[PDB]
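Student: Sharing coords_23.pdb, PDB, C-alpha atoms and all ligand atoms:
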ATOM      1  CA  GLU A   6      30.283  73.403 103.699
ATOM      2  CA  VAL A   7      31.837  70.486 101.821
ATOM      3  CA  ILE A   8      32.844  70.056  98.185
ATOM      4  CA  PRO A   9      30.218  67.714  96.669
ATOM      5  CA  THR A  10      30.707  64.467  94.769
ATOM      6  CA  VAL A  11      28.859  63.916  91.482
ATOM      7  CA  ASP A  12      28.475  60.514  89.839
ATOM      8  CA  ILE A  13      28.238  60.797  86.043
ATOM      9  CA  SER A  14      27.589  57.053  85.489
ATOM     10  CA  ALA A  15      24.112  57.792  84.158
ATOM     11  CA  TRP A  16      25.220  60.369  81.593
ATOM     12  CA  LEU A  17      27.819  57.957  80.156
ATOM     13  CA  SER A  18      25.409  54.991  80.221
ATOM     14  CA  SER A  19      23.470  54.304  77.019
ATOM     15  CA  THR A  20      20.567  52.670  78.909
ATOM     16  CA  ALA A  21      20.043  55.025  81.873
ATOM     17  CA  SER A  22      16.727  56.843  82.088
ATOM     18  CA  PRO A  23      16.550  60.489  80.953
ATOM     19  CA  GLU A  24      15.692  61.297  84.579
ATOM     20  CA  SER A  25      18.957  59.739  85.780
ATOM     21  CA  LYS A  26      20.848  61.741  83.162
ATOM     22  CA  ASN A  27      19.175  65.037  84.078
ATOM     23  CA  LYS A  28      20.029  64.383  87.728
ATOM     24  CA  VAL A  29      23.684  64.401  86.638
ATOM     25  CA  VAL A  30      23.223  67.752  84.868
ATOM     26  CA  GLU A  31      21.555  69.159  88.002
ATOM     27  CA  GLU A  32      24.320  68.081  90.392
ATOM     28  CA  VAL A  33      27.063  69.385  88.068
ATOM     29  CA  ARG A  34      25.599  72.769  87.076
ATOM     30  CA  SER A  35      24.878  73.275  90.784
ATOM     31  CA  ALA A  36      28.324  72.427  92.166
ATOM     32  CA  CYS A  37      29.909  74.603  89.473
ATOM     33  CA  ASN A  38      27.556  77.458  90.254
ATOM     34  CA  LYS A  39      28.062  77.324  94.027
ATOM     35  CA  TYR A  40      31.631  76.111  94.631
ATOM     36  CA  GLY A  41      33.254  76.059  91.206
ATOM     37  CA  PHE A  42      34.523  72.618  92.259
ATOM     38  CA  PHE A  43      33.297  69.089  92.589
ATOM     39  CA  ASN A  44      34.641  65.565  92.850
ATOM     40  CA  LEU A  45      33.685  63.413  89.863
ATOM     41  CA  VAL A  46      33.074  59.656  89.925
ATOM     42  CA  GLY A  47      31.451  57.191  87.543
ATOM     43  CA  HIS A  48      33.899  58.139  84.787
ATOM     44  CA  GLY A  49      34.701  54.533  83.855
ATOM     45  CA  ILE A  50      38.494  54.919  83.841
ATOM     46  CA  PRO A  51      40.028  51.873  85.584
ATOM     47  CA  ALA A  52      42.074  52.114  88.736
ATOM     48  CA  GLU A  53      44.967  50.717  86.683
ATOM     49  CA  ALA A  54      45.198  53.865  84.576
ATOM     50  CA  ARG A  55      45.509  56.016  87.688
ATOM     51  CA  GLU A  56      48.133  53.683  89.152
ATOM     52  CA  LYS A  57      50.157  53.794  85.954
ATOM     53  CA  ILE A  58      50.336  57.601  85.658
ATOM     54  CA  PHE A  59      51.594  58.006  89.235
ATOM     55  CA  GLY A  60      54.188  55.399  88.335
ATOM     56  CA  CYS A  61      55.319  57.636  85.482
ATOM     57  CA  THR A  62      55.291  60.732  87.679
ATOM     58  CA  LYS A  63      57.497  59.199  90.377
ATOM     59  CA  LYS A  64      59.968  57.804  87.835
ATOM     60  CA  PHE A  65      60.295  61.233  86.239
ATOM     61  CA  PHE A  66      60.812  63.329  89.354
ATOM     62  CA  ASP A  67      63.150  60.695  90.818
ATOM     63  CA  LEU A  68      65.557  61.666  88.014
ATOM     64  CA  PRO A  69      68.656  63.734  88.839
ATOM     65  CA  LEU A  70      68.001  67.453  88.791
ATOM     66  CA  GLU A  71      70.675  67.969  86.134
ATOM     67  CA  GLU A  72      68.838  65.252  84.190
ATOM     68  CA  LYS A  73      65.452  67.002  84.309
ATOM     69  CA  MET A  74      66.922  70.424  83.503
ATOM     70  CA  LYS A  75      68.073  68.999  80.148
ATOM     71  CA  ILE A  76      64.427  69.449  79.075
ATOM     72  CA  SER A  77      63.803  72.563  81.163
ATOM     73  CA  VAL A  78      60.918  74.679  79.904
ATOM     74  CA  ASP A  79      63.209  77.468  78.655
ATOM     75  CA  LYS A  80      64.582  75.003  76.054
ATOM     76  CA  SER A  81      61.227  74.345  74.367
ATOM     77  CA  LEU A  82      60.468  75.690  70.905
ATOM     78  CA  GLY A  83      59.479  79.345  70.890
ATOM     79  CA  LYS A  84      56.488  79.985  73.122
ATOM     80  CA  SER A  85      55.719  76.316  73.466
ATOM     81  CA  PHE A  86      55.910  76.165  77.245
ATOM     82  CA  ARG A  87      56.790  72.474  77.523
ATOM     83  CA  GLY A  88      59.213  70.468  79.635
ATOM     84  CA  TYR A  89      60.541  70.679  83.194
ATOM     85  CA  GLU A  90      60.102  73.583  85.611
ATOM     86  CA  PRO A  91      61.933  73.387  88.960
ATOM     87  CA  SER A  92      60.668  74.460  92.352
ATOM     88  CA  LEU A  93      61.007  77.756  94.202
ATOM     89  CA  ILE A  94      60.544  80.128  91.259
ATOM     90  CA  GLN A  95      56.764  80.706  90.987
ATOM     91  CA  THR A  96      55.474  83.572  93.163
ATOM     92  CA  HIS A  97      51.978  84.890  93.911
ATOM     93  CA  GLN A  98      52.178  87.812  96.346
ATOM     94  CA  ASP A  99      55.056  90.013  97.428
ATOM     95  CA  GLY A 100      54.858  89.164 101.131
ATOM     96  CA  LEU A 101      55.246  85.446 100.433
ATOM     97  CA  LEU A 102      57.763  82.759  99.427
ATOM     98  CA  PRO A 103      57.914  80.870  96.108
ATOM     99  CA  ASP A 104      56.079  77.600  95.544
ATOM    100  CA  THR A 105      57.612  74.228  96.452
ATOM    101  CA  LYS A 106      55.904  72.803  93.355
ATOM    102  CA  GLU A 107      57.997  70.848  90.867
ATOM    103  CA  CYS A 108      56.286  70.228  87.521
ATOM    104  CA  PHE A 109      56.551  68.663  84.049
ATOM    105  CA  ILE A 110      54.420  70.166  81.280
ATOM    106  CA  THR A 111      52.897  68.553  78.186
ATOM    107  CA  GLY A 112      50.390  69.576  75.551
ATOM    108  CA  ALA A 113      48.992  68.146  72.323
ATOM    109  CA  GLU A 114      51.783  66.745  70.168
ATOM    110  CA  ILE A 115      52.553  68.942  67.145
ATOM    111  CA  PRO A 116      55.533  68.380  64.813
ATOM    112  CA  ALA A 117      58.263  71.006  64.918
ATOM    113  CA  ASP A 118      57.541  72.012  61.310
ATOM    114  CA  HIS A 119      53.808  72.532  61.874
ATOM    115  CA  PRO A 120      52.476  76.043  61.121
ATOM    116  CA  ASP A 121      51.437  76.716  64.731
ATOM    117  CA  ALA A 122      54.619  75.261  66.249
ATOM    118  CA  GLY A 123      56.271  77.813  68.523
ATOM    119  CA  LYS A 124      53.095  79.777  69.293
ATOM    120  CA  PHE A 125      51.727  80.006  72.834
ATOM    121  CA  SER A 126      51.631  76.514  74.388
ATOM    122  CA  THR A 127      51.284  74.781  71.017
ATOM    123  CA  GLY A 128      54.080  72.685  69.560
ATOM    124  CA  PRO A 129      56.006  69.500  70.317
ATOM    125  CA  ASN A 130      56.568  68.061  73.765
ATOM    126  CA  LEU A 131      59.971  67.591  75.368
ATOM    127  CA  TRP A 132      60.682  64.093  76.601
ATOM    128  CA  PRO A 133      63.397  62.857  78.985
ATOM    129  CA  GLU A 134      66.140  60.964  77.165
ATOM    130  CA  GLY A 135      66.760  58.767  80.206
ATOM    131  CA  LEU A 136      63.319  57.111  80.168
ATOM    132  CA  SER A 137      61.961  54.611  77.653
ATOM    133  CA  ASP A 138      58.805  55.271  75.658
ATOM    134  CA  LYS A 139      57.361  52.270  77.498
ATOM    135  CA  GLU A 140      58.161  53.642  80.963
ATOM    136  CA  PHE A 141      56.994  57.201  80.404
ATOM    137  CA  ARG A 142      55.958  58.693  77.063
ATOM    138  CA  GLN A 143      53.389  56.071  76.015
ATOM    139  CA  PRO A 144      51.550  56.028  79.387
ATOM    140  CA  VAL A 145      51.591  59.843  79.608
ATOM    141  CA  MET A 146      50.040  60.219  76.157
ATOM    142  CA  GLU A 147      47.522  57.430  76.831
ATOM    143  CA  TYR A 148      46.418  59.168  80.039
ATOM    144  CA  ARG A 149      46.126  62.409  78.051
ATOM    145  CA  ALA A 150      43.699  60.641  75.710
ATOM    146  CA  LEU A 151      41.560  59.414  78.606
ATOM    147  CA  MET A 152      41.598  62.956  79.985
ATOM    148  CA  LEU A 153      40.618  64.508  76.641
ATOM    149  CA  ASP A 154      37.716  62.060  76.496
ATOM    150  CA  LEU A 155      36.564  62.840  80.031
ATOM    151  CA  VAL A 156      36.798  66.607  79.569
ATOM    152  CA  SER A 157      34.698  66.346  76.405
ATOM    153  CA  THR A 158      32.040  64.576  78.472
ATOM    154  CA  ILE A 159      32.281  67.276  81.157
ATOM    155  CA  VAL A 160      31.892  70.019  78.545
ATOM    156  CA  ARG A 161      28.697  68.533  77.115
ATOM    157  CA  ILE A 162      27.194  68.192  80.598
ATOM    158  CA  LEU A 163      28.031  71.856  81.255
ATOM    159  CA  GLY A 164      26.494  72.796  77.906
ATOM    160  CA  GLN A 165      23.325  70.968  78.947
ATOM    161  CA  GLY A 166      23.257  72.890  82.223
ATOM    162  CA  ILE A 167      23.476  76.050  80.116
ATOM    163  CA  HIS A 168      20.524  74.853  78.020
ATOM    164  CA  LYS A 169      18.485  74.354  81.194
ATOM    165  CA  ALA A 170      19.588  77.671  82.698
ATOM    166  CA  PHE A 171      19.351  80.088  79.775
ATOM    167  CA  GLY A 172      17.793  78.136  76.895
ATOM    168  CA  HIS A 173      20.740  77.914  74.504
ATOM    169  CA  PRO A 174      21.396  74.882  72.300
ATOM    170  CA  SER A 175      22.869  72.149  74.444
ATOM    171  CA  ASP A 176      25.998  72.257  72.206
ATOM    172  CA  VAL A 177      26.813  75.903  73.041
ATOM    173  CA  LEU A 178      30.218  75.033  74.428
ATOM    174  CA  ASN A 179      31.293  72.176  72.178
ATOM    175  CA  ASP A 180      33.482  74.317  69.883
ATOM    176  CA  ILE A 181      36.292  74.288  72.478
ATOM    177  CA  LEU A 182      36.554  70.569  71.774
ATOM    178  CA  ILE A 183      37.480  71.450  68.159
ATOM    179  CA  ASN A 184      41.277  71.143  68.018
ATOM    180  CA  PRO A 185      41.660  71.895  71.720
ATOM    181  CA  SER A 186      44.473  73.430  73.739
ATOM    182  CA  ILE A 187      44.982  70.801  76.420
ATOM    183  CA  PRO A 188      48.048  71.053  78.643
ATOM    184  CA  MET A 189      48.660  68.586  81.435
ATOM    185  CA  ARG A 190      51.131  68.900  84.304
ATOM    186  CA  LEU A 191      52.810  66.212  86.380
ATOM    187  CA  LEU A 192      53.239  67.672  89.855
ATOM    188  CA  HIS A 193      55.628  66.943  92.728
ATOM    189  CA  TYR A 194      55.425  68.526  96.200
ATOM    190  CA  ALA A 195      58.445  67.816  98.384
ATOM    191  CA  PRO A 196      57.311  67.400 102.019
ATOM    192  CA  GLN A 197      58.332  69.535 104.994
ATOM    193  CA  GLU A 198      58.084  68.790 108.715
ATOM    194  CA  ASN A 199      57.958  72.464 109.790
ATOM    195  CA  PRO A 200      56.919  74.670 106.859
ATOM    196  CA  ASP A 201      56.948  78.428 106.761
ATOM    197  CA  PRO A 202      53.298  79.612 106.638
ATOM    198  CA  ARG A 203      54.418  82.131 103.988
ATOM    199  CA  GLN A 204      55.146  79.294 101.516
ATOM    200  CA  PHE A 205      52.676  76.962  99.850
ATOM    201  CA  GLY A 206      52.731  74.031  97.494
ATOM    202  CA  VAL A 207      50.854  76.314  95.124
ATOM    203  CA  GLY A 208      49.607  79.721  96.155
ATOM    204  CA  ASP A 209      46.244  81.405  95.853
ATOM    205  CA  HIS A 210      45.257  81.500  92.195
ATOM    206  CA  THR A 211      42.463  80.883  89.764
ATOM    207  CA  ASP A 212      42.855  78.739  86.683
ATOM    208  CA  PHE A 213      42.633  80.792  83.505
ATOM    209  CA  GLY A 214      41.154  78.160  81.166
ATOM    210  CA  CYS A 215      37.781  76.425  80.937
ATOM    211  CA  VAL A 216      37.884  73.058  82.758
ATOM    212  CA  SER A 217      40.575  71.474  84.935
ATOM    213  CA  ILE A 218      40.687  67.813  85.980
ATOM    214  CA  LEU A 219      42.951  66.842  88.874
ATOM    215  CA  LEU A 220      44.069  63.421  90.102
ATOM    216  CA  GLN A 221      45.160  63.432  93.731
ATOM    217  CA  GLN A 222      47.053  60.701  95.543
ATOM    218  CA  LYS A 223      45.483  58.398  98.137
ATOM    219  CA  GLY A 224      46.753  59.458 101.551
ATOM    220  CA  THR A 225      47.565  63.137 100.909
ATOM    221  CA  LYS A 226      45.866  66.464 101.471
ATOM    222  CA  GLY A 227      46.606  70.130 100.893
ATOM    223  CA  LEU A 228      44.125  71.317  98.289
ATOM    224  CA  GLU A 229      41.652  73.900  99.594
ATOM    225  CA  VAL A 230      39.141  76.221  97.945
ATOM    226  CA  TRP A 231      37.975  79.711  98.903
ATOM    227  CA  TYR A 232      34.194  79.998  99.405
ATOM    228  CA  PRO A 233      33.168  83.678  99.682
ATOM    229  CA  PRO A 234      29.775  83.256 101.407
ATOM    230  CA  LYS A 235      31.412  81.813 104.547
ATOM    231  CA  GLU A 236      34.778  83.568 103.958
ATOM    232  CA  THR A 237      36.549  80.244 104.509
ATOM    233  CA  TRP A 238      38.861  77.821 102.721
ATOM    234  CA  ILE A 239      37.149  74.454 102.206
ATOM    235  CA  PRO A 240      39.290  71.309 101.931
ATOM    236  CA  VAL A 241      38.909  69.134  98.863
ATOM    237  CA  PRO A 242      38.833  65.542 100.182
ATOM    238  CA  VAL A 243      40.769  62.823  98.385
ATOM    239  CA  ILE A 244      37.884  60.653  97.160
ATOM    240  CA  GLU A 245      38.481  57.090  95.986
ATOM    241  CA  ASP A 246      38.219  56.746  92.190
ATOM    242  CA  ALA A 247      37.532  60.444  91.720
ATOM    243  CA  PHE A 248      38.861  63.393  89.801
ATOM    244  CA  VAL A 249      38.645  66.985  91.049
ATOM    245  CA  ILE A 250      36.889  69.221  88.539
ATOM    246  CA  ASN A 251      36.881  73.002  88.632
ATOM    247  CA  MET A 252      35.960  75.858  86.332
ATOM    248  CA  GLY A 253      38.394  78.479  85.047
ATOM    249  CA  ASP A 254      38.204  82.177  84.266
ATOM    250  CA  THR A 255      37.404  81.694  80.567
ATOM    251  CA  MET A 256      34.387  79.582  81.533
ATOM    252  CA  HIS A 257      33.515  82.165  84.201
ATOM    253  CA  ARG A 258      33.416  85.087  81.761
ATOM    254  CA  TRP A 259      31.875  82.999  79.009
ATOM    255  CA  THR A 260      28.995  82.111  81.280
ATOM    256  CA  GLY A 261      27.499  84.948  83.293
ATOM    257  CA  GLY A 262      29.583  83.848  86.212
ATOM    258  CA  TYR A 263      27.017  81.034  86.247
ATOM    259  CA  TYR A 264      29.895  78.545  86.398
ATOM    260  CA  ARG A 265      32.270  80.006  88.995
ATOM    261  CA  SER A 266      36.070  80.161  88.869
ATOM    262  CA  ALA A 267      37.095  79.867  92.523
ATOM    263  CA  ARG A 268      40.386  80.661  94.226
ATOM    264  CA  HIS A 269      42.319  77.628  95.447
ATOM    265  CA  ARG A 270      45.768  76.643  96.692
ATOM    266  CA  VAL A 271      47.754  73.737  98.141
ATOM    267  CA  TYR A 272      49.391  74.140 101.538
ATOM    268  CA  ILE A 273      52.521  72.239 102.535
ATOM    269  CA  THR A 274      52.284  68.998 104.514
ATOM    270  CA  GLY A 275      54.595  66.354 105.912
ATOM    271  CA  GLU A 276      53.538  63.719 103.385
ATOM    272  CA  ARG A 277      55.029  63.493  99.916
ATOM    273  CA  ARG A 278      52.381  64.472  97.375
ATOM    274  CA  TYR A 279      51.926  63.831  93.663
ATOM    275  CA  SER A 280      49.100  65.020  91.451
ATOM    276  CA  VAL A 281      48.242  65.153  87.752
ATOM    277  CA  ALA A 282      46.486  68.282  86.519
ATOM    278  CA  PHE A 283      44.981  68.451  83.046
ATOM    279  CA  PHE A 284      43.387  71.593  81.684
ATOM    280  CA  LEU A 285      41.215  72.593  78.746
ATOM    281  CA  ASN A 286      41.815  76.159  77.554
ATOM    282  CA  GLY A 287      40.117  78.272  74.928
ATOM    283  CA  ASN A 288      41.304  77.782  71.390
ATOM    284  CA  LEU A 289      44.096  79.630  69.615
ATOM    285  CA  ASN A 290      41.554  81.126  67.175
ATOM    286  CA  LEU A 291      38.248  80.966  69.057
ATOM    287  CA  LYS A 292      36.823  84.336  70.137
ATOM    288  CA  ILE A 293      34.872  83.290  73.220
ATOM    289  CA  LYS A 294      31.660  85.310  73.453
ATOM    290  CA  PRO A 295      29.462  85.657  76.578
ATOM    291  CA  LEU A 296      25.724  84.854  76.714
TER     292      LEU A 296
HETATM  293 FE    FE B   1      45.105  75.285  89.811
HETATM  294  Y     Y B   2      56.698  66.772  59.274
END
As structure tokens, please, write out the structure in this file.
Tutor:
Amino acid sequence: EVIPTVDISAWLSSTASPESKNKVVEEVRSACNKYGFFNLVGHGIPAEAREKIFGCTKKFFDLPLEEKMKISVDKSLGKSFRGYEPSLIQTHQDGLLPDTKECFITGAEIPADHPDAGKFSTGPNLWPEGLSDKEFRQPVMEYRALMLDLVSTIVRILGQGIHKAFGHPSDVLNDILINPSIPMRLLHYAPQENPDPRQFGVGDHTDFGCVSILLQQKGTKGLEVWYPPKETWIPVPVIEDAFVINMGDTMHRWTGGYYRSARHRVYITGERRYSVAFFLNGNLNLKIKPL
């Protein structure tokens, strides 16, 4: 068992044959129904954009810890959960140790005086005073835009797989793109030579939202996915020019389980590891209804 790779070039091309485009819908619906994950290529985002966001991520986490804590998540407006979260505080199971993960959290930018500001994960972002807009904020928000565009493509492909499966309009799912809740996290995993097997980078979880898009770093590993049929954890290989796509619980319930939300985690390694995780959640008003 291996996590598959799906090339969406045809679906984004305006000259590809309808056969080529359907083949993309087949490979996607199928990976999401069997593994809940795939690797995605053919997205059209340049290698520069991926280089630039890891530049931002390293600059940020290289900051002094007192410097990051100045925008610690507990300082964000109300229930906007934005800013810096340090390592060794997130836990998953009582027998185990907290996660080595260090993370920085953004969402869609909303002025402080907006009506929804302060509500759950909606409001303004917190930005580090010690970095210039040009070093950090502008690239981060530009990458967010590229991610929003890609996840909108992914959603419409999923909707088309729903059409083929159960006969619904191929825009069943497109209402989550209306004013979406789209957090992203910049992730840092400090390396360890001899790690305790009771501690992970991130422990066994599912994602709660709809779609997640992950950018891993060339030369690292750690991400693995639980596949019930063989009762095994499958590794997710770092593919060149790829994003890792998985389904969340909201998509699970909202389909019949047809798109699976699969358990996954990141074990600790000796190599320093960065990743950028962007997620698409259900809306703040949208009552998500099954089939
Ligand atoms: Fe996750
Ligand atoms: Y205003």
Student: Got a sec: who's within 7 Å of stretch 125-139 of chain A, counting only C-alpha atoms, leaving out chain neighbours fewer than 4 positions off, as a PyMOL selection string?
Tutor: chain A and resi 76+81+84-88+111-112+114-117+121+143
Student: Could the residues that lie within 12 Å of ligand FE 1 (chain B), counting only C-alpha atoms and all ligand atoms, be listed as a PyMOL selection string?
Tutor: chain A and resi 41-42+106+189-190+192+206-220+228-230+249-254+266-271+280-284
Student: Kindly provide, as lines of an AutoDock Vina configuration file, the centre and edge lengths (Å, one decimal) of an axis-aligned box around all atoms of stretch 86-95 of chain A given in the file, with 6 Å on each side.
Tutor:
center_x = 58.9
center_y = 75.6
center_z = 85.7
size_x = 18.0
size_y = 22.2
size_z = 29.0
Student: Set the distance at 10 Å and use all atoms listed in the file: which residues neighbour residue A:197 once local chain neighbours fewer than 4 positions away are removed? I'd like the list as a list in words.
Tutor: residues 105, 201, 273, 274, 275, 276 and 277 of chain A
Student: Can you give me, as a PDB file with C-alpha atoms, in the coordinates of the input, the residues this file yields under the PyMOL selection byres (((chain A and resi 161-163) around 8) and not hetatm)?
Tutor:
ATOM      1  CA  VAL A  29      23.684  64.401  86.638  1.00  0.00           C
ATOM      2  CA  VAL A  30      23.223  67.752  84.868  1.00  0.00           C
ATOM      3  CA  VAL A  33      27.063  69.385  88.068  1.00  0.00           C
ATOM      4  CA  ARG A  34      25.599  72.769  87.076  1.00  0.00           C
ATOM      5  CA  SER A 157      34.698  66.346  76.405  1.00  0.00           C
ATOM      6  CA  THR A 158      32.040  64.576  78.472  1.00  0.00           C
ATOM      7  CA  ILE A 159      32.281  67.276  81.157  1.00  0.00           C
ATOM      8  CA  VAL A 160      31.892  70.019  78.545  1.00  0.00           C
ATOM      9  CA  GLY A 164      26.494  72.796  77.906  1.00  0.00           C
ATOM     10  CA  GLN A 165      23.325  70.968  78.947  1.00  0.00           C
ATOM     11  CA  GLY A 166      23.257  72.890  82.223  1.00  0.00           C
ATOM     12  CA  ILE A 167      23.476  76.050  80.116  1.00  0.00           C
ATOM     13  CA  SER A 175      22.869  72.149  74.444  1.00  0.00           C
ATOM     14  CA  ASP A 176      25.998  72.257  72.206  1.00  0.00           C
ATOM     15  CA  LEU A 178      30.218  75.033  74.428  1.00  0.00           C
ATOM     16  CA  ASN A 179      31.293  72.176  72.178  1.00  0.00           C
TER      17      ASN A 179
END
Student: When distances are computed from all atoms listed in the file, which of A:61, A:153, A:108, A:101 shows the smallest separation from residue A:140?
Tutor: A:61
Student: Ranking A:287, A:102, A:80, A:224 by minimum distance to residue A:123 and counting only C-alpha atoms, which one comes first?
Tutor: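 Among the listed residues, the smallest separation from residue A:123 belongs to A:80.
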Student: Would you mind reading off the distance between atom CA of residue A:40 and atom CA of residue A:242, one decimal, in Å?
Tutor: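 Taking atom CA of residue A:40 and atom CA of residue A:242, their separation equals 13.9 Å.
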Student: What does the distance between atom CA of residue A:173 and atom CA of residue A:296 come to in Å, to one decimal place?
Tutor: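 So the answer is 8.8 Å.
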Student: Please indicate the distance in Å from atom CA of residue A:272 to atom CA of residue A:223, rounded to one decimal place.
Tutor: 16.6 Å
